[PDB]
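Enquirer: There's a structure below that I have some questions on.
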Amino acid sequence: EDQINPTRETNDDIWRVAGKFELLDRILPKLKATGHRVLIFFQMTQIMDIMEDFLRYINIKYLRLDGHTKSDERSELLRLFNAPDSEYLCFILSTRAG
Amino acid sequence: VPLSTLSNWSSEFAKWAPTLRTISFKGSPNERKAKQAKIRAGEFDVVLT
Amino acid sequence: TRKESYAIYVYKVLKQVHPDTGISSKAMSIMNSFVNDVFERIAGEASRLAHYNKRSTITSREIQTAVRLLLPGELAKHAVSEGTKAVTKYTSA
Amino acid sequence: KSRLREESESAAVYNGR
Amino acid sequence: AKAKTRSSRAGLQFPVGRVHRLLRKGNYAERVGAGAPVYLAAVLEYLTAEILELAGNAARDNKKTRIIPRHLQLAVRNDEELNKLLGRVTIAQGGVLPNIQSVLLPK
Amino acid sequence: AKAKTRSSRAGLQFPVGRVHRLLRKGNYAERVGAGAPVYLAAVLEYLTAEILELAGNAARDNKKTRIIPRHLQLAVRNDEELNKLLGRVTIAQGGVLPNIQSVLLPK
Amino acid sequence: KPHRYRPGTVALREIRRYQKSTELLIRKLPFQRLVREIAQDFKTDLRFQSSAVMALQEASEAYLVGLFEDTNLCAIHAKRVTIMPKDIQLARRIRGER
Amino acid sequence: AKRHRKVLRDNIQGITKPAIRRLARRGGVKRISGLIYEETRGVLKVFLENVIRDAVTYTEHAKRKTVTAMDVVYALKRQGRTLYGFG
DNA sequence: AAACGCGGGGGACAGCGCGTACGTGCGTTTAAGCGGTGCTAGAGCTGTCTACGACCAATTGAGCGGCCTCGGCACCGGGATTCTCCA
DNA sequence: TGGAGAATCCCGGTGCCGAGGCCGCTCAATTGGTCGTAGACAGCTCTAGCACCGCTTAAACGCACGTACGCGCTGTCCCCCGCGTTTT
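Residue numbers (PDB author numbering), protein chains in the order written: chain A, 1069 to 1166; chain B, 823 to 871; chain C, 29 to 121; chain D, 1314 to 1317, 1337 to 1349; chain E, 12 to 118; chain F, 12 to 118; chain G, 37 to 134; chain H, 15 to 101.
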């Protein structure tokens, strides 16, 4: 990450260096077009973080969840899905805890 | 039940059935002292742990 | 797979000496290490003496010399006597 | 642009620990 | 013939033919004078008694019938000649003797 | 049959066959691979070259074309890895190196 | 009556109880990661005995404790109860390390 | 921060200043200077390395990949830190 | 040399100052460590195998002890130099 | 900042015993054949180190601060050595 970009800022080469990531920018206008919500699973502590960059890069709102957090925010984020008026379509979910 | 789905079972223990009391176990140990010394004698219908 | 150790022997000297005190296997392991430790210390010192005077029969005289040399104070003179003691029990037997 | 060298040969050195 | 162990001849627990076997094994001399293993197993049992003594002492001083390496530390390091002879031997889970520097004590 | 030493075979001066005779006669192991004498006598020759350099160096620095033990002191102890290697090895009549304590000397 | 002490006071019971007890005083995952880090630095990829980890730790923290006594010996010898690093380095010097 | 974690310190510094305080209290320090927590750490790692390099040297001469507490016995005895309860 | 003194002046020492530091308390997390997985790796156990220097026979010149110097360096005479203590 | 003097370094003349080589004369060091055996090395297995995260939570860390002690500064007195002594 440092040898590619030492500035580690929001860059266009975040989603153009990988193969899932270029196609993910192909669907993100279309996911915003289709209006159907998408649940995506990731590995812990690293793949979600760079996905937090990319969904913020195309400016699609998103939630998150993990294992070393507290349980207070767990049930509240369940309640935020049950409201249908969510402007966020995609969000981030875990396999081992979630 | 698992820690991921605790309150949803308890919310369904509220809406789908009344008169069944529920005892939870979560978080820091300070809040448990109020419950598990009050219901130390075990006046409940369900412990949801 | 019966492999000769000193755990029941340190147990033997334990219940010979402190039968009121059982052992942890950690202290047992410390002593089982220590047994072969000084078993190598004094006998390497004894082979050092067996090369000091170029000898090939290390007897209890030579272990007496090693006990004389290495051990401080009573630790010599007791192991002088005790190291002779069962020697006098085995040279009899 | 396109999908796509200096980052590879540096990775050829840096990841060789 | 049978393993009729040579410690019983010496009144010992440490089989003196295992000791004679070890002395023939350890390259100490060509002939192992057969009292050298008895000298060895005899000094061995003397020191086994020496240390099992103070070990049970310190263990029951800590009101435990199980001799632990902490008890081994507090019995061995209290000795002049032992810890003088074993200044460089460390006991895992032996720890420290309880003692503070004098001027660091508050007044 | 033909008495011919291994020092020319390895490019050394120290008798590597004396090393092998002492190696079999040192009982370090039963099979004594004769390359282990050469690995010994090689480091012997190499470190004798390492030290005679320094010894004659300190000698000629003391205007001497014979190594005296004072020159051995100035050879070994001024080397940091020799003194680190020989922290408890001493040269008789090597003497002492000139060094006054700092606040002892005037400033 | 509150018990705010001045800089100096609370330490000594620990100086009792540590020496009254028999254990190590270190976070073990930063210690076992230290073992794996340092042992990797000589030659990477070891399978790692945690027995080796504690077998190093026992000789470690004992030697650590052992140095601080001569440190305060140089400190109180130089009439100080606040220890200094010069006490440590002189202690390692007369100990032969420095 | 939340975008990329970057939350590591070290393993020598992973030993905490309260852990250095703990050992300093077991070692007899009343008022630790701030420089002690790192001058301690330096000589701690200095002590650490010399054992395990020769322990790996054992491991290679013994043709292994698992550096053992047996190697810690093999080294610490030879490096003058002979320990009872590990061999 | 030792050995016995002996001014002698500043070095130890006391001691006072001063100010800050370093713990201390306590607020704030937080990574510690625990479980808990999932697995697999080299450890471990066997499985034969041969080569390897053992060992000893023969030999032989190595190399070093006893036998030949003469010369590197010490000793000393004399002087140049160079540090130190009172102007 | 400077000369007087006491210590040092250096340089010229002497000579010597030790450093080094000389002269046999082995004896040890080698070569020459084993010699099974030691470890050489194939297979097997299984385990035991392996990260990893769920999560806690108390430990570490975050900071207010309070003063203690460590040094800032002094005078001393003392005390130990220097100059002179001789004897031992």
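Just so you know, even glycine gets a beta-carbon here, dropped at the ideal spot from N, CA and C.
Which residues in chain D sit within 9 Å of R1094 of chain A, going by Cβ to Cβ distance?
Expert: Locating residue 1094 of chain A in the first sequence gives position 26, where the first residue counts as 1. Within chain D, no residue comes near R1094 of chain A; the closest Cβ sits about 12 Å away, beyond 9 Å.
Enquirer: Name the residues in the stretch 43 to 54 of chain H whose C-beta lies less than 8 Å from a C-beta of chain G; which are they?
Expert: Under the 8 Å Cβ criterion, the stretch 43 to 54 of chain H contributes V43, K44, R45, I46, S47, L49, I50, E53, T54.
Enquirer: For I62 of chain E, which three-state DSSP category applies?
Expert: Mapped onto the fifth sequence, residue 62 of chain E falls at position 51. Here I62 of chain E sits in helix by DSSP.
Enquirer: Roughly how many whole angstroms lie between the Cα atoms of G106 of chain F and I79 of chain F?
Expert: Taking the sixth sequence and counting its residues from 1, one reaches residue 106 of chain F at position 95. Taking the sixth sequence and counting its residues from 1, one reaches residue 79 of chain F at position 68. Each residue's alpha carbon lies about 11 Å from the other.
Enquirer: Taking 7 Å as the limit between beta carbons, can you name the residues of its chain near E61 of chain E, skipping five residues before and five after?
Expert: Position 50 of the fifth sequence, counted from the start, is the residue given in the question as residue 61 of chain E. So no residue of the chain qualifies.
Enquirer: Going along chain H in order, which residues have a C-beta closer than 7 Å to the C-beta of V43 of chain E?
Expert: In the fifth sequence, residue 43 of chain E corresponds to position 32, counting from 1. Ordered by position in chain H, no residue passes the 7 Å Cβ test against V43 of chain E, which lies about 25 Å from the chain.
Enquirer: Name the DSSP bridge partner or partners of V89 of chain G?
Expert: Your numbering for residue 89 of chain G matches position 53 in the seventh sequence. Paired residue(s): none; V89 of chain G is not in a bridge.
Enquirer: Taking the straight line between their C-alpha atoms, what separation do you get for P1097 of chain A and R1147 of chain A?
Expert: Stepping through the first sequence from its first residue, residue 1097 of chain A is reached at position 29. Stepping through the first sequence from its first residue, residue 1147 of chain A is reached at position 79. Whole-angstrom Cα-Cα distance: 27 Å.
Enquirer: Is there a Cβ of chain A sitting closer than 8 Å to that of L870 of chain B, yes or no?
Expert: On the second sequence, position 48 is the one that residue 870 of chain B refers to. So no, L870 of chain B is outside the interface.
Enquirer: Looking at chain A, is there any beta carbon in it that lies within less than 8 Å of the beta carbon of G864 of chain B?
Expert: The residue given as residue 864 of chain B occupies position 42 in the second sequence. Answer no: the Cβ-Cβ gap between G864 of chain B and chain A never drops below 8 Å.
Enquirer: Taking the beta strand (DSSP E) that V43 of chain F belongs to, which residues open and close that run?
Expert: As a working mapping, residue 43 of chain F is identified with position 32 in the sixth sequence. Looking at the DSSP string, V43 of chain F is not in any beta strand (DSSP E), and its letter there is neither H nor E.
Enquirer: Just the Cα atoms here: how many angstroms apart are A107 of chain C and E56 of chain E?
Expert: For the purposes of this step, residue 107 of chain C is taken as the residue at position 79 of the third sequence. For the purposes of this step, residue 56 of chain E is taken as the residue at position 45 of the fifth sequence. Rounded to whole angstroms, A107 of chain C to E56 of chain E spans 10 Å at the Cα level.
Enquirer: Please check if any C-beta of chain D sits within less than 8 Å of the C-beta of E1090 of chain A.
Expert: As a working note, residue 1090 of chain A is residue 22 in the first sequence. At least one chain D Cβ lies under 8 Å of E1090 of chain A.
Enquirer: Are the beta-carbon atoms belonging to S832 of chain B and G1166 of chain A less than 8 Å from one another?
Expert: Residue numbering aside, residue 832 of chain B sits at position 10 when the second sequence is read from its first letter. Residue numbering aside, residue 1166 of chain A sits at position 98 when the first sequence is read from its first letter. Taking 8 Å as the Cβ cut-off, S832 of chain B and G1166 of chain A do not qualify as a contacting pair.
Enquirer: At a cut of 8 Å, does the stretch 33 to 52 of chain H reach the stretch 88 to 99 of chain H through at least three beta carbon pairs?
Expert: Taking 8 Å as the limit for Cβ pairs, the verdict is that the stretch 88 to 99 of chain H does not touch the stretch 33 to 52 of chain H.
Enquirer: Would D48 of chain C and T59 of chain E qualify as a contact pair, given that the criterion is a beta-carbon distance under 8 Å?
Expert: On the third sequence, residue 48 of chain C is found 20 positions in, with the first residue counted as 1. On the fifth sequence, residue 59 of chain E is found 48 positions in, with the first residue counted as 1. Not a contact, by the Cβ cut-off of 8 Å.
Enquirer: Taking 8 Å as the CB-CB limit, is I1082 of chain A close to chain D?
Expert: By one-based count along the first sequence, residue 1082 of chain A stands at place 14. It does not: the Cβ of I1082 of chain A has no partner Cβ on chain D nearer than 8 Å.
Enquirer: Nearest to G46 of chain F by alpha carbon, out of F:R20, F:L63, F:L116, F:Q104?
Expert: Within the sixth sequence, numbered from 1, the residue matching residue 46 of chain F stands at position 35. Nearest of F:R20, F:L63, F:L116, F:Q104 to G46 of chain F, Cα basis: F:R20.
Enquirer: Against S57 of chain C, what residues of chain H qualify as contacts under a CB-to-CB distance less than 9 Å, listed in chain order?
Expert: Reading the third sequence from its first residue, position 29 is the one you call residue 57 of chain C. The contacting residues are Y98, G99, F100, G101.
Enquirer: Just to confirm, are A104 of chain C and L77 of chain C a CB contact at a threshold of 8 Å?
Expert: On the third sequence, position 76 is the one that residue 104 of chain C refers to. On the third sequence, position 49 is the one that residue 77 of chain C refers to. Cβ atoms of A104 of chain C and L77 of chain C: not closer than 8 Å.
Enquirer: Using beta carbons (cut-off 8 Å, strictly below), is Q104 of chain E in contact with chain C?
Expert: Numbered from its first residue, the fifth sequence carries residue 104 of chain E at position 93. At least one chain C Cβ lies under 8 Å of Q104 of chain E.
Enquirer: What does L85 of chain E pair with, by DSSP beta-bridge criteria?
Expert: Translated into the one-based positions of the fifth sequence, residue 85 of chain E becomes position 74. Bridge partners of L85 of chain E: none, in fact.
Enquirer: At a cut of 8 Å, does the stretch 22 to 35 of chain F reach the stretch 95 to 109 of chain E through at least three beta carbon pairs?
Expert: Too few Cβ pairs lie closer than 8 Å, so no.
Enquirer: Using 10 angstroms around the beta-carbon of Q104 of chain F, count the other beta-carbons present and answer buried if the total reaches 16, otherwise exposed.
Expert: Position 93 of the sixth sequence, counted from the first residue, corresponds to residue 104 of chain F. Looking at its Cβ environment, which holds fewer than 16 other Cβ atoms inside 10 Å, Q104 of chain F is exposed.
Enquirer: Pull up the distance between the alpha-carbon of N1079 of chain A and that of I130 of chain G, whole angstroms please.
Expert: For the purposes of this step, residue 1079 of chain A is identified with residue 11 of the first sequence, where counting begins at 1. For the purposes of this step, residue 130 of chain G is identified with residue 94 of the seventh sequence, where counting begins at 1. Each residue's Cα considered, the two are about 58 Å apart.
Enquirer: Tell me which same chain residues have a C-beta within less than 8 Å of the C-beta of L58 of chain H, skipping the five on either side of it?
Expert: The count along the eighth sequence starts at 1 and reaches residue 58 of chain H at position 44. Cβ within range, chain order: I26, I29.
Enquirer: By Cβ distance below 6 Å, which residues in the same chain neighbour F847 of chain B in space, the five residues on each side in sequence not counted?
Expert: Taking the first residue of the second sequence as 1, we reach residue 847 of chain B at position 25. Taken in chain order, the residues that qualify are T871.
Enquirer: Please report the distance separating the alpha-carbon of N64 of chain H from that of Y99 of chain G.
Expert: For this step, residue 64 of chain H is matched to residue 50 along the eighth sequence. For this step, residue 99 of chain G is matched to residue 63 along the seventh sequence. Each residue's alpha carbon lies about 14 Å from the other.
Enquirer: Check the Cβ-Cβ distances between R95 of chain H and every residue of chain E, and say whether any is below 8 Å.
Expert: In the eighth sequence, counting from the first residue as 1, residue 95 of chain H sits at position 81. For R95 of chain H, the answer is yes, since a Cβ of chain E falls inside 8 Å of its Cβ.
Enquirer: Starting from the C-beta of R69 of chain C, find all residues in its chain whose C-beta is less than 8 Å away, skip the five residues before and the five after it, and write them out in chain order.
Expert: Residue numbering aside, residue 69 of chain C sits at position 41 when the third sequence is read from its first letter. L98.
Enquirer: According to DSSP, is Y1130 of chain A helix, strand or coil?
Expert: Here residue 1130 of chain A refers to the residue found at position 62 of the first sequence. Correct three-state label for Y1130 of chain A: coil.
Enquirer: Quick check on the burial criterion: 16 or more other C-beta atoms within 10 angstroms. Buried or exposed for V869 of chain B?
Expert: As a position in the second sequence, residue 869 of chain B is number 47, starting the count at 1. The residue in question, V869 of chain B, is exposed, as its Cβ has fewer than 16 Cβ neighbours within 10 Å.
Enquirer: Take the Cβ of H18 of chain H as the centre, count every other Cβ of all protein chains shown within 10 Å, and call the residue buried at 16 or more, exposed below.
Expert: Sequence index remark: in the eighth sequence, residue 18 of chain H carries index 4 (1-based). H18 of chain H is exposed by the Cβ-count criterion.
Enquirer: Checking contacts by CB at 8 Å: is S57 of chain G closer than that to chain E?
Expert: Locating residue 57 of chain G in the seventh sequence gives position 21, counting from the first residue. It does; some Cβ of chain E falls within 8 Å.
Enquirer: My assumption, with CB atoms under 8 Å, is that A75 of chain G sits in contact with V81 of chain H. Please give the rounded CB distance.
Expert: Locating residue 75 of chain G in the seventh sequence gives position 39, where the first residue counts as 1. Locating residue 81 of chain H in the eighth sequence gives position 67, where the first residue counts as 1. Yes, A75 of chain G and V81 of chain H are in contact; Cβ-Cβ is about 6 Å, under 8 Å.
Enquirer: Does the beta-carbon distance from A83 of chain H to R63 of chain G come in below 8 Å?
Expert: In the eighth sequence, residue 83 of chain H corresponds to position 69, counting from 1. In the seventh sequence, residue 63 of chain G corresponds to position 27, counting from 1. No, Cβ-Cβ distance for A83 of chain H and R63 of chain G is not below 8 Å.
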